[PDB]
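Chains as they are written, first to last, in the authors' numbering: chain A, 1 to 56, 63 to 1118; chain B, 527 to 684; chain C, 3 to 106; chain D, 203 to 423; chain E, 54 to 158; chain F, 78 to 91.
Below is one structure, written out as structure tokens, with a few remarks after it.
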Amino acid sequence: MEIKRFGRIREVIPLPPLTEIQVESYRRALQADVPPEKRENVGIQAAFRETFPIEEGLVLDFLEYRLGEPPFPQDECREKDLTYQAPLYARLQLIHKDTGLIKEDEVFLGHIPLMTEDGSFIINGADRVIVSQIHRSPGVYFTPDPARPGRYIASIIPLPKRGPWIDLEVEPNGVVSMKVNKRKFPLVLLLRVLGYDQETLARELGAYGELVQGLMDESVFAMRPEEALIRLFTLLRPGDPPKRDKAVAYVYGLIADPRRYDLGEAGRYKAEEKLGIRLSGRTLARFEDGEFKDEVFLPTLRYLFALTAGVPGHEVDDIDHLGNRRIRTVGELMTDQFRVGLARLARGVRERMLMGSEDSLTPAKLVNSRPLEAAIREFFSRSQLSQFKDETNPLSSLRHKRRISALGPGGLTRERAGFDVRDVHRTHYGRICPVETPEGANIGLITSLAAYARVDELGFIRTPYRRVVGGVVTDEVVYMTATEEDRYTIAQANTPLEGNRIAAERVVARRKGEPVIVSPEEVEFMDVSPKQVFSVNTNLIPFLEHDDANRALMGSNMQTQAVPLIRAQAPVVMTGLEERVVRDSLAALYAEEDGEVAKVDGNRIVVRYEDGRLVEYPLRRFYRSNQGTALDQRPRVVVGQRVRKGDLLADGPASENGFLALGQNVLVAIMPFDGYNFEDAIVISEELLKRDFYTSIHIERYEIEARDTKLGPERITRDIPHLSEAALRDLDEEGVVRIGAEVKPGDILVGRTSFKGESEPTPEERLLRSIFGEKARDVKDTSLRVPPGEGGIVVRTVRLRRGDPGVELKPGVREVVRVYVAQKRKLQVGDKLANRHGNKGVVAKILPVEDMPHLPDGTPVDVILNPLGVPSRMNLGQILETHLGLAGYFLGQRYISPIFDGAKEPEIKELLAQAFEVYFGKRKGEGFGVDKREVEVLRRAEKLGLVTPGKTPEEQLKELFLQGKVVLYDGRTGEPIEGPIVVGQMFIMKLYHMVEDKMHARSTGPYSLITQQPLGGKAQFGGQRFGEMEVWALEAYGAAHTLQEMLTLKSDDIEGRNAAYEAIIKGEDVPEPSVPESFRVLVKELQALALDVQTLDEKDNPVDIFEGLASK
Amino acid sequence: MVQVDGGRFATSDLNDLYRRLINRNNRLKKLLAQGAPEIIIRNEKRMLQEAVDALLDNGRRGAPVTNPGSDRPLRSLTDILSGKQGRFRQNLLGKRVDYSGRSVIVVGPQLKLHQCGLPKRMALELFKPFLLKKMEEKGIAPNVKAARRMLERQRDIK
Amino acid sequence: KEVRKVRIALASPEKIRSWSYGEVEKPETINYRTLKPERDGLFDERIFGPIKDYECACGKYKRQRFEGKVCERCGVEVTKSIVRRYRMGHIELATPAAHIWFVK
Amino acid sequence: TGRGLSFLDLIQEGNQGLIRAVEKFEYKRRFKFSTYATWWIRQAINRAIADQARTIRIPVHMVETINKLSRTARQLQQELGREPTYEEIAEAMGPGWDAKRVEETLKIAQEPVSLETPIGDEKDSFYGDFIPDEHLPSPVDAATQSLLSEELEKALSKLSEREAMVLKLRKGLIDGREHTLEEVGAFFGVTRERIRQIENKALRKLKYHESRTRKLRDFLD
Amino acid sequence: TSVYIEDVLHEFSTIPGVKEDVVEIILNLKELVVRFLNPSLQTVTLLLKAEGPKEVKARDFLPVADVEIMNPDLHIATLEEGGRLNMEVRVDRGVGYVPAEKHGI
Amino acid sequence: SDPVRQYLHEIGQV
DNA sequence: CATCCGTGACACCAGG
DNA sequence: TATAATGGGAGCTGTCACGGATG
Ligand SMILES: [Mg+2]
Ligand SMILES: [Mg+2]
Ligand SMILES: [Zn+2]
């Protein structure tokens, strides 16, 4: 079909590589493609250089490192539950200071995980995504004191866990105090330890009123640097012997040690820029020629005094400014953990270096790699930022990779974050999306990187603007930080241009975020596009300018939850971004060069390129995602087809001809339907099931292990006791279900027998054995069966065994078996649908086609949305999307309407006029006039003021059609809906929240160890929680007996629940309950605290709730 | 000290706190049996008192006791009683219960004010003992155990 | 008798020893080979009770007929295993220690 | 430090070693006290680490073996660029070590995990919360045992008093244990052959009633 | 109402040489119009056998007496060199809409 | 406050 | 009769 | 069992109200 595109804005630059924040950062951290001598002092190279050399005697220095090749490819890692990693070797040399003996060796330090092509990892077989972390950029800040108005706090902040925060304050007594490790002491002492004499401080700070006299203390200048040094060491180390080489060591490690204290390169730059100085390293002072030389303290104190006095050019700092908040990408986080592991390794190195042979020590005998290995393995497996990858659809993975968390190690603790961290700061324009963020506790703390935004080398987020010189908009694009952006008047990307010149006497622009009407002579820059303000998900919402931000948030977040359908369709109304999202997410498979397609298969595509080479592209077919959604590729070319470079060869999941296909284009009518779409519920047509719309494939993995036991081996077998041939029908000879079978709840997937315990048969057992004359078998059925409410078609069975080549399981495990069950889920009552504008709803009713409202030509609608969902939610975009979708239904075309610059109402009405001609002149030619019911609806519409009185039926029907409304017939009666109804095509997705996964119930089941209460969760066949507030409900009702049932007979009255089950199966009324076990647990846990809790009677005589079983 | 499905053991922190206590107590009894000087016995008694402290309310005084290779504080007896996860609020004033389930809700406009729509597969399990009894009352099964075995598999349900 | 009140009070050392079924002298939990509770340890069946209903540790008595009997070979009473949830032990300190609740 | 014991626990064990060294010193040898004291101090610290650093105590010789195994695997990985298999470790361990022995030694040295291990980022889930209790019988188990005892009494009442009592005494439904033919015969006052004959005929009548009514088959699983 | 394909165990499969997966092949077969001429006829088992480079359409079904295919241009599969397709499809008389989960034929 | 500090202080007396 | 400080507490279900 | 060896080392960065201590 034709794709008519709206919009007048020209996109000077395309969207950057969307996962570059991941791939580029990890590349820079590893430097694996860089020969060792050319490496920069960044990343793990910088970690090595920081740790080494290791001294004290012997010396172990570091030459270089190298990363070998992965021992296994990515798919094999995914199957064998391995980690995609590369071996890490480091060439180290040992030197004896006296002997001069130099021994050299390449030591192996374990493995480091490698980032896949799309910017994700594989940790123990599970795809993971390291989420970038936003935090306060290191540097020197000046903030207003909350208590004292005219006073200000000077804060000095290094990288997280790379030095202590320092505070400088003008106390109420006049002296200038410094706070370090929560110790307030006069700064004059440290200034004296730096070698500052009263001469220099008086000539440097005297200009600022009487403030310098707060720095004048005679008892401090009376002593030389060493005495003041020991004085400060005593003030900072109560009890520690103030030795000279101890005080020097502590002060160096606290203020000048580059291996302990470290501003970032960003902190270095920001200190230099703020204080108007230049720094040598990344610390606050130095140890030069034996004495301490100041770097930062005097400039900071000077700026603080100038801010307190009122000297012009000194202002406080906005700590929410995106020029003072920076991002820590995957590389920086992994490097910090690498540095921690290396420090532990160095501690072990020195340990082995003090007591060894002093001659028979090689680098191998000195390096235990384990402390490093763990420090990496802990980061990728148990960090707050090492998140389980969300690959529901390709867009979900891309969005996950582009996230920004204020949480994590070194981040905000939740329940402690205020409004400021969560606010949309003005500097978020173009850098951080103001829409995509979770609703709930994490609001404003998890955010998304804007579409055109880039993180620079220092960590600050930069956004692009076009240069404008003398009213002429160039094509030179400058990427600015927020601090840089605040210098210029920046016009809006929609200002009218006559081709390269600003063609408006008054243009809308920003000055430090403030909106302002300026002249083209004042414009210094211009925006690139509206797209640069919002994230990728938000950018996929057509008519975004018509939706309130609160529902735009939901429509944005819910595309992440769209399930790949077997017949997925791209939206009839797109934003012009549906292609880049498929391409950058590595969803589809494209052509590497120009050439001719040689072979096309269901599993592979072979292409002959202009170089004569025959390149084979395998197709990933029916693979299971982290969320169970099917990720399969399908060939979209055919044999003999000529293809150019970058042409589509295979559609991935949720991709239609290279366009993002997260749902279906359905025909919606917007009207109530007999209460079946009450309160956001949705009514759908059975036709949607008949043509397999909203049908998705889902695969589940089941796993079992046979291990060695103290009581005999577990063996995976078909020889399961007490089972019929009907129970073992679909089991193969080895006991594993056969590929192709249909498994329902209760069916066996893998047979397993386990030896029983002592199992001393109670006399009933012995007598039953004798009566039936059958020996009690030595093993019992512990087979893996299909859980309740699950099942499908077996598609794979994997079996690994001890003694098989290439296989080695964890100790004790004889064998592992995995079974993959695939199911084709149709839409059912209770499944959740949504559109892109925040309209979400659960399918409440599936009517047969004959009951559906239908057009006069007999076409039934697909979905019935309730109009009451629109006004309160203010998301009129979906309305416009419907109107346009109506035109494209009869013209047979889709559309591209970019956000904030797209289809306007008059153009939609032009298209609607053409559509009405296609829709009605057909009927007028086929020999039919206007219908009687149409005449009645037209009378009603005339009453409503929707059509002009006096025109012909065709004219009024065309007027309605231009308003997007049509006559609609009630399928149950044939009479028309009394008014004309909005009908049109809408893009609707099936979210991941399907009732098939959530319906759960339980009579009785497993109970907890200590509490003897039901377990929680569907997977554990658990019971619902009756919490404090449900108890309050029952109390407020007066349901004393129902509540007592909840507290005793149904949860943890052991005798009570057993007796209740027996009474119910016997037809008897349930017994009165007894003491719940958790109160006995409370009594015993209080006794363990030396507290005697005594249940008494009304005579104050003890009552034994333990029935004598605990009294000697 | 329970054995998980994988054959490995999982245990409560109170065991490690008690082991700390018992080791320090026994070392004190032995240091007193011999003629240990003042400094050593004083250090031992201080460590014993702090062991009792970690057992009864860990983290209350001083740095909280952790396990090797972890920053997580060990869960003492005060932590077991106090908080949203303590014994009172988590297990005594509210419990997880049997004969209970949950599912997605959907409007039913045909219901009368006193009715709801309950899926068959939910109500079967929720009312399962009643269903076994009534199945025995009719001819559907010989006894309760046979009725339960008949309901075990979905294909065996008529 | 019906429960009507619940008193709570401080427990004396004599009261605590009244509760206890035996002093825990060793820091051991279970044997690394047999996976059975060690002697005088934190899980000793001699102190806290039998792991299996009406069955002593060694196995000389394994039926309900013996009830309250204490095996002479291993020292484990023959009662319900449920009592391992109810039977306190104790630890005799070489030096008294303050109850931190009443200190901090 | 780091090897399983607190700094102060290590210090106190070293002090115990220092006491031993004091009581074992000999000043005639002209050696300073530190030289002889360091030996006993190291000995006491290492013995303490071996004896106390494991919730499931492992004898000191087995701890030595497990440490030797760890160091062998570490050297093998330092020379192989990957973690060794069981067979390579068995090679490098010498005679008597096969792969199965390495596997058993690694299995026997597995330390337990905390039931209070956190599950999730919210502070509302423990690893122990998902471990079902296997010891205490379920309501279904107790009800099935009760119905089994009731059906057994229903089947035993169809016998005469003597043969029902003979079966109850021979299987333990009376006083727990199972009696011998001589005991039941001296209790009923007949020959052990006669008590065995009436036990046989009781079992035969029970088999006949069970083939007729089938009221006890489902309990046999 | 049912489809068997040689060397195909279940619906989530591919066939070498065939571009369409089995899911798409069954979706195509769902559009097959089959007219019965005999009134008392209830079930017909169409047999299809194809190979080589060809676009297997609905005509390629071996003809059965008193059975006509009303949409013979209906695409079925796109076989390449060496791709073989051997199907047995089953057409029944019926009324209304009956999903596969309810008849399991 | 810090038992290691306290012990290292008591040790520095002898 | 003030300020300073140590210690409490900070929604529910679901799945984790 | 014996050369001599003699004081550690992280820490890493809420928000409020309340009752008790101090100053
Ligand atoms: Mg060997
Ligand atoms: Mg929860
Ligand atoms: Zn015994």
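All residues carry an ideal CB built from backbone N, CA and C; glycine is no exception.
Residue i Cβ short of 7 Å to ligand 1 heavy atom set
i	result
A828(A)	no
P297(D)	yes
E293(D)	yes
Cβ-based neighbour list, residue i, same chain, cut-off 6 Å, excluding 5 preceding and 5 following
i	result
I261(A)	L290, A291
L350(D)	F421
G519(A)	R432
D87(A)	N130, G131
Whole-angstrom C-beta distance between residue j and residue i, which should lie under 8 Å
i	j	result
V427(A)	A412(A)	6 Å
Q829(A)	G798(A)	3 Å
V257(A)	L235(A)	6 Å
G908(A)	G7(A)	5 Å
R553(B)	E564(B)	In fact, because the Cβ distance is near 16 Å, the residues do not count as touching under 8 Å.
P341(D)	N1064(A)	5 Å
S55(E)	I122(E)	About 17 Å separates the two Cβ atoms, so there is no contact after all.
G627(B)	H1006(A)	5 Å
Own chain residues within Cβ distance below 8 Å of residue i, not counting five before or after
i	result
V943(A)	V973, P982, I983, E984, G985, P986
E215(D)	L207, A246, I247, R249, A250
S1117(A)	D1110
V530(B)	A536
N187(A)	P170, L242
beta-carbon residue i near ligand 2 non-hydrogen atom, thresh 7 Å
i	result
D323(D)	no
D326(D)	yes
Residue i beta carbon near ligand 3 (any heavy atom closer than 7 Å)
i	result
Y63(C)	yes
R75(C)	yes
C58(C)	yes
| request: Check each residue of the region 63-86 of chain E: if its Cβ is closer than 9 Å to any Cβ of chain A, include it; give the result in chain order. | output: Look at the region 63-86 of chain E: the residues with a C-beta under 9 Å from a C-beta of chain A are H63, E64, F65, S66, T67, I68, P69, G70, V71, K72, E73, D74, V75, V76, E77, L80, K83.
| request: With a floor of 4 residues, list each alpha helix (DSSP H) that falls wholly inside the region 531-596 of chain A, ordered by position along the chain. | output: Segments of the alpha helix (DSSP H) lying fully in the region 531-596 of chain A: 542-545, 555-565, 584-590.
| said: Against chain A, which members of the region 114-139 of chain E pass a CB distance test of less than 9 Å? | reply: From the region 114-139 of chain E, only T131, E133, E134, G136 have a Cβ closer than 9 Å to chain A.
| said: To be precise: take each residue of the region 561-587 of chain B, compare its Cβ to all Cβ atoms of chain F, and keep it if any distance is under 8 Å. Which residues remain? | reply: Of all residues in the region 561-587 of chain B, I565, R568, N569, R572, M573, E576 have a Cβ within less than 8 Å of some Cβ in chain F.
| field | Near-chain A residues of the region 139-152 of chain E - C-beta to any C-beta below 8 Å | value | Result list: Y150, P152.
| Looking at chain A, which residues of the region 597-620 of chain B have a Cβ within less than 9 Å of any of its Cβ atoms? | Result list: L603, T604, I606, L607, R613, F614, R615, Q616, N617, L618, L619, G620.
| task | Could you list the residues in the region 52-83 of chain C with a C-beta less than 8 Å from some C-beta on chain A, going in chain order? | result | Correct list: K54, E57, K64, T81, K82.
| Runs of beta strand (DSSP E) lying entirely within the region 397-466 of chain A, each at least 3 residues, in chain order | The region 397-466 of chain A contains these whole beta strand (DSSP E) runs: 409-411, 452-454.
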